[PDB]
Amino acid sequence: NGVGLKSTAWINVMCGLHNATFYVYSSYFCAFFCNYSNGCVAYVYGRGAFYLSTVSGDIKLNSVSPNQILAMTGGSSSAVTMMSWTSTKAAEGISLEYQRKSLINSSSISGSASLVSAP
């Protein structure tokens, strides 16, 4: 075809989709961040059969837990789809900490990843 999508083309696409200025991801989730007022919001997707736990305290941005979480929901589980911080900015290099879970089993694994400037 003489031209190809890069393997991470989804980052470019979803940063545009959400008008995001930062993003963060691992093999198991991704989140696209927008700054506004004194804080920030992330639109969140699961990856690799995993998702982010909605349990309060399981997520930290620069050591601060989100003030609100919206989720997709089920009889036994729920997965983060949006999370917000009232007073913490998204910025390059700050750490998002999380528990990742999978609907396949009852596992829960600690993870962390650093925010990157949107392409």
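Don't overthink the numbering: it's just position in the shown sequence, from 1.
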query: Average Cα temperature factor in the PDB entry - higher stretch of 42-50, 88-96; finding: 88-96
query: Residue 105 by Cα B-factor - lowest, middle or highest third of the modelled chain; finding: middle
query: Within-chain third of residue 73 by Cα B-factor, per the entry; finding: lowest
query: Third of chain Cα B-factors occupied by residue 21; finding: highest
query: Chain-wide C-alpha B factor ranking for residue 27, given as lowest, middle or highest third; finding: highest
query: Position of residue 37 among the chain's modelled residues by C-alpha B-factor, lowest, middle or highest third; finding: highest
